[PDB]
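# Structure assessment
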Amino acid sequence: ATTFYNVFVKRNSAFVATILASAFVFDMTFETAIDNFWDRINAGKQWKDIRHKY
Amino acid sequence: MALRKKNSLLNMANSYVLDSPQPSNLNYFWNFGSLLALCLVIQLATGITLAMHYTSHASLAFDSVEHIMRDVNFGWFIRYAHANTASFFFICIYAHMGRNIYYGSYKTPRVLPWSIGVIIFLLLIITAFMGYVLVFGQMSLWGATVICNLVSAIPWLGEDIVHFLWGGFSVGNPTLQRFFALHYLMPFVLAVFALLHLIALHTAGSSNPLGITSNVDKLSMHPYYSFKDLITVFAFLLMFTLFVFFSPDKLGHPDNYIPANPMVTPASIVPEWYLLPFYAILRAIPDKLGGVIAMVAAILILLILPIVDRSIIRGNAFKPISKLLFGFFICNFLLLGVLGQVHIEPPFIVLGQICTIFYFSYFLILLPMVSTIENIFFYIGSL
Amino acid sequence: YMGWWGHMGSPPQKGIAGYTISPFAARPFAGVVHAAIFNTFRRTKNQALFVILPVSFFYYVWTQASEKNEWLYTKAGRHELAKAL
Amino acid sequence: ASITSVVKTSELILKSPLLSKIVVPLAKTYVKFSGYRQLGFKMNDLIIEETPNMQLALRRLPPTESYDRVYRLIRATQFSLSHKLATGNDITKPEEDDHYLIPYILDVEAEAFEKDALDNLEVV
Amino acid sequence: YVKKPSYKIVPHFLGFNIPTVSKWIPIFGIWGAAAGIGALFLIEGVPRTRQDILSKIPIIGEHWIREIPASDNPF
Amino acid sequence: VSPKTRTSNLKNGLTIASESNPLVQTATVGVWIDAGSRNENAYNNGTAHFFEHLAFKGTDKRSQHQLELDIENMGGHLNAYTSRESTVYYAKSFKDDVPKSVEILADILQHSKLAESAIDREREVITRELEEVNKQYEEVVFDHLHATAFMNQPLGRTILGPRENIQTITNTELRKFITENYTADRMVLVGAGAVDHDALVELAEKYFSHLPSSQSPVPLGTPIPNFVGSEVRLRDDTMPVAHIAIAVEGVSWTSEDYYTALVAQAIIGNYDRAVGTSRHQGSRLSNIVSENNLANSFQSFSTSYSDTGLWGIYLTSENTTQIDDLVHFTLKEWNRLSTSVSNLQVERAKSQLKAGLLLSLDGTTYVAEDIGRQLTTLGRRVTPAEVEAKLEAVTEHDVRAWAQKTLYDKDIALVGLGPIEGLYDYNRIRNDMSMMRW
Amino acid sequence: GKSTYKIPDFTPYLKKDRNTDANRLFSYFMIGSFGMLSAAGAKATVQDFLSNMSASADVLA
Ligand code: HEM
Ligand code: HEM
Ligand SMILES: CCCCCC[C@H]1C(=O)O[C@H](C)[C@H](NC(=O)c2cccc(NC=O)c2O)C(=O)O[C@@H](C)[C@@H]1OC(=O)CC(C)C
Ligand SMILES: CCCCCCCCCCCCO[C@@H]1O[C@H](CO)[C@@H](O[C@H]2O[C@H](CO)[C@@H](O)[C@H](O)[C@H]2O)[C@H](O)[C@H]1O
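Residues numbered from 1 in each chain as written, not as in the entry; some residues may be left out. Chains lettered and ligands numbered in written order. Part of a larger assembly, values for the part shown. Heavy atoms only, no water.

Deposited coordinates in this entry are attributed by the record to cryo-EM, at a stated resolution of 3.00 Å.

This is the structure we're talking about:
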């Protein structure tokens, strides 16, 4: 736990780098997660659900 | 205590335009600052007026400028005033920068006003370039085409950036509308930076033509400089009047009174006169990317004057060799201007390269050498 | 580096008396004719070389270049133009 | 640049017989053409003073020398704004152009440069 | 008996010396990474960034290879 | 090369430690006790300091007056102080007056009367001392600094104790305190100067033989402190000079980082505008402060206790509009112990300390204080050769490591006294404990 | 009420484990989460907002 602090937080350069890398990962995964959720709550409604008829 | 000093708001005006302590010996070259303020005001007044009559749609832009010329009361005046004052803005800005280089205004303790100034100069170039596009005549279009295709030389992303700025695959309506919005905005940004460079300068105060301290002998900005500034205002307005009323198209290019035609390319794409030196620098480098870097470096290299001037003495009033070198530098900058409007033909190709080398070597070689030697001559020569 | 009135940052001054007269008591244009002629001549003579040398040089350069360019695009200059390209 | 640099380089030149033979006459001409003497300045009055080092050297001037300097700057400023030159006793004669400030600024700088050197010392 | 203190002046420039700067070299590394991550993050949306950088990353790279079915694409 | 410090024990477990110097004519004998204010609870806080007053108020044999005369006839003087962890009672005398002085000290420690009449008399004297320390600003600042840093803990109590306790201290509780604490196994009889060790040991066998031994004899310098980042402001706009202390939790005597912390302290160093040489000192903070007239003085300190410490700086300044700059620059200099220190600063500070730790010992009192302090904190005297080796082992890498664990981005205890309007709130001071650029 | 060395009662607010790395790390996890969402939010904002400047759907046709 001291180790975690020393590596990622103690130097601000490291902390800002950690925050931006986390932001990148969050951004990508959150996009994917919302996409799937939105598709489930709006099931059979969206174009992707009816497109197969055509 | 007097109201002008007591009240916080009044005190700020007071500190800049009334009680501001100035050197008592500023000569007429210190008046370009206020002329540039006058140009900036005329451009805002005429500019906002034209915006009330101009339509930014590409199907209507050129026609809206004709409407201004032909139908709007005094529209001809507002249009020509705006177009010509853009030329006078650059005459005054080159003069003001020339004054600053000759009198060493860029030296400590005034590096910050100088460096902000270099940014004001870039914003003025961008502002004037975008304004030129708004007419949507042939020079407007062919200007935007060629200048925004320089960005294509940025490696990897260059093409993508160009299409993003144009808002399409060519210069067209999207480009015109966005340049209108930006051309309206940029002069306000330019005004803010103008005000920042003055606030920065307030810590040291104005330099003076002798390059000595003026702390020994100060004059209030008003009335002395107020009334001195009127002389150059009236001199400026006389020159303004001769262009605007008697020869309104002397400084311009007829090609911009032909509506933009993406098919027909004009005889000669030459920029407005005040951009011509940078254009010549760009042509000198054969490489596309090289050329663009050189052109930008020709402006940003002004930022290193504070380093490369090694003199112990501020300014050129007392330095005969520096004065000669500066004379050659200024004339070379005008020759570059002239070479920007000749055709890319012998013998101007080689000549343009030599003038470009001379331009850069002033900052990189000659000024550091000459200023070092003059230091030694002052010391030995006065023993 | 610069102060304000009262603490401008001058080294202490002492022993200088300054005198001047009112603008209403002066002739503002006293000796203007003499200055416009003799003083302007003096000041211009002293600075003439610093303008004449660079201007004359760059004008000569331009003149030579523009005349060569003109000559290269004549019939007479066909061959020299062919070599230059 | 530093005044120290100017002074050291000048001393190298004045040492070399060859160099001095060609440079000292040039420098004398240069100073005649420079024309600061025609405004009643001494060379040292022209050195840039808006630097912490130079401000300190000016504070170390003897009061007399300091008062005289203030007068020369005010006098020159008045000639500047009038576009007149000094006449008669106001013109600085070559014998009056003494380096009154160089000793003081060389001491200020000596200390400042020693301070920089010593900030970088490494015990062995 | 010691006659004189024993020291050297290390080369310096603008108040920096090599011992000091060497301590900061790692930090410029991390800031450079932070700037790299940050820059790349900002242009993640640019199609060229995906085509040329992001889709080439092993395993993860398929996240950025996405085709609109030609039936659903007006252009 | 210093003479060897001889050490003997008695049967009860009293340590006798001596460093003879046949060049001097005076001697300092005294008793260093590994006991102080910290040994009190909250009800008997101030007892240790109270006892110091009563120790000189007469014994079972000699009355107060007889005591005074006996010391006057010796020729030298007696002195005592109580700190948080240490109590000292010593006697500076002539060479051959040592048997008298040991006899007097043994008497005042074992056989003090502590008569109700004298307790009652001192109870006013000590009450008046509560309102006159107020003047000793450095001490005020340090007392508040401990109070806040070790809030509601034994180290955080003052030495004087609260007014309430001073009124309720009885001879019974005084007797109980010195019976529990001033035990043979916690005491060192120290002789420095013109003393023979074997003579001193015989005098200890004669006078300190019937000292109580503690039930559980732990080794000397054996001790739970939980530092609280916190601030006390004692603003007083009527004072001309601001006094400010900033400290972080430091190192104990027996820390592996003890010398590393001292080197770090020396890198910041001390400064005093009244001393001629101070404007030329190498310390970066010294240069900033002197060039900018930010302070009258600063003094870096590294106070150790058995199980914790405080490491910090004490600043004084009349520049009340630039206190922010003074604190700003100070804390940025500490940041550089974490980010920037190299062989340059570390080797310079080691050189200054290799001398400094030996220079301090320049009279018999200082030598005795050194033997006493070290024996009661480490259980042995550390020879100059060992001290020189421990300092040599301190590398730049060690200092950076230590600072990054102890100073960088850590909570501070902060005390300001005087015209400290310009000292920003806790957050802004604590924000300077790190650098965003690093 | 009189002695200034008797620090007021702060026991309602003092954390027992205050000088542990665990303790500091937690608060920086909150600050860093906030910085992370702000960075992700700023990227989203900038990318979406500036995309207005890319060719619009009529142009792309
Ligand atoms: C809108 C454009 C600008 C305006 C309105 C402006 C206005 C002014 C004014 C009013 C002053 C003080 C009066 C004077 O000395 O003339 C001044 C000083 C100065 N300006 Fe500008 N300026 C502009 C552009 C620039 C540029 C482009 C530069 C530099 C590249 C610059 C650099 C300076 C410097 C260095 C000074 C201090 C000079 C001195 O007094 O010695 N300015 N400017
Ligand atoms: C530094 C300030 C400015 C400069 C240097 C500048 C420069 C220019 C230039 C060079 C043109 C091309 C002129 C032509 O040949 O017709 C132009 C056009 C235009 N400018 Fe500006 N401008 C400035 C400020 C403004 C401002 C503040 C507005 C406010 C909207 C504005 C509105 C326009 C409009 C509407 C046009 C197109 C109509 C026309 O060409 O006359 N300008 N500007
Ligand atoms: C009304 C108070 C608000 C403060 C800002 C307004 C303007 C202001 O300060 O005016 C002054 C009159 C100023 N002249 C000088 O410094 C000056 C100083 C010394 C000598 C001379 N000339 C010699 O004989 C001068 O000409 C000037 O023209 O600068 C403008 C640019 C300022 O505009 C702004 O920055 C705001 C915006 C419109 C750009
Ligand atoms: C200094 C900052 C750096 C430069 C800033 C870059 C500016 C613009 C870059 C990306 C803009 C276009 O980039 C594009 O962004 C849009 C939305 O924003 C994304 O579009 C995606 O999300 C949107 C909604 O969020 C949907 O309508 C779309 O169907 C989907 O594909 C694309 O997947 C991406 O390729």
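That was the structure; now back to the text.
### Observations regarding the overall build of chain D
Applied cut-off: We count a stretch as a helix when DSSP gives it H or I for four or more residues in a row; a strand needs E for two or more, and each element gets its number in order from the N terminus. Using C-alpha atoms as the atom set, the radius of gyration is obtained and then compared with a globule rule of 2.2 Å times the number of residues to the power 0.38. For every residue, the accessible area obtained with a 1.4 Å probe (protein chains only) is divided by the maximum for its type, and the residue is called buried under 20%, exposed over 50%, and partly exposed between those limits. Residue contacts follow a heavy-atom distance rule, with two residues in contact if any of their heavy atoms lie within 4.5 Å. All accessible areas in this document rest on Shrake-Rupley with a 1.4 Å probe, and a residue is counted as covered only by the protein chains that are shown.
Counting secondary structure elements, chain D contains 5 helices and 1 strand. In chain D, the order of α-helices and β-strands from amino to carboxyl end is α-α-α-α-α-β. Since a compact globule built from 124 residues should have a radius of gyration of about 14 Å, the 17 Å found for chain D marks it as more spread out than a globular shape. The principal-axis extent of the C-alpha atoms belonging to chain D is close to 60 × 40 × 20 Å. Buried positions account for 47% of the 124 residues belonging to chain D. Within chain D, counting contacts between residues at least 6 apart in sequence, those at least 24 apart form 78% of the total. Carbon and sulfur atoms provide 60% of the accessible area of chain D, an area that totals close to 6200 Å².

### Regarding the interface of chain B and chain D
This is how the line gets drawn: Accessible area, probed at 1.4 Å, shrinks when two parts are joined; the buried area is that loss added up over both. Here, a salt bridge means any side-chain nitrogen of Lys or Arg that lies within 4 Å of a carboxyl oxygen of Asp or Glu. Put simply, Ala, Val, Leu, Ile, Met, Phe, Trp, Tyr, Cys and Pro go in the nonpolar bin, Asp, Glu, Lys and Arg in the charged bin, and everything else, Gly too, in the polar bin.
Counting residues at the interface gives 30 residues for chain B, matched by 42 residues for chain D. For the pair chain B and chain D, the summed buried surface comes to about 3300 Å²; carbon and sulfur atoms form 72% of the total. Joining chain B to chain D, the criterion identifies 1 salt bridge. Its salt-bridge partner being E50 of chain D, residue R314 of chain B comes within 2.6 Å of it at the nearest N-O pair. Put simply, the parts of the chain that give the side of chain B that touches chain D at least two residues each are helix 14 (320-339) and helix 15 (348-382) of chain B. Here the element with the most residues in the side of chain B that touches chain D is helix 15 of chain B; it accounts for 9 residues. Grouping the constituent residues of the side of chain B that touches chain D by class yields 16 nonpolar, 8 polar and 6 charged.

### A look at the sheet that holds strand 6 (residues 187-193) of chain F
Strand pairs in the sheet, formed through backbone hydrogen bonds, run parallel or antiparallel to each other. All names here are of chain F. Rule in force here: Note: two strands are recorded as paired if DSSP finds a minimum of 2 bridges between them. To obtain an axis, a line is fitted to C-alpha atoms, over the contacting stretch when the element is a helix, and the angle between two such axes runs from 0 to 180 degrees between their N-to-C directions.
Taken together, the 6 strands give an open sheet; going across it, the order is 1-2-6-3-5-4, and neighbouring strands pair in mixed fashion. Strands at the two margins of the open sheet, each flanked by one partner only, are strand 1 (6-9) and strand 4 (77-82). Along the sheet, successive strands turn relative to each other by an average axial angle of 15°, direction set aside. Pairing of strand 1 with strand 2 (residues 15-20), which is carried by 4 bridges, proceeds in the antiparallel orientation. Looking at the pairing, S8 lines up with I16 of strand 2. Running over the sheet, helix 3 (residues 98-110) touches strand 3 (26-33), strand 4, strand 5 (87-94) and strand 6 and is turned about 155° from strand 5.

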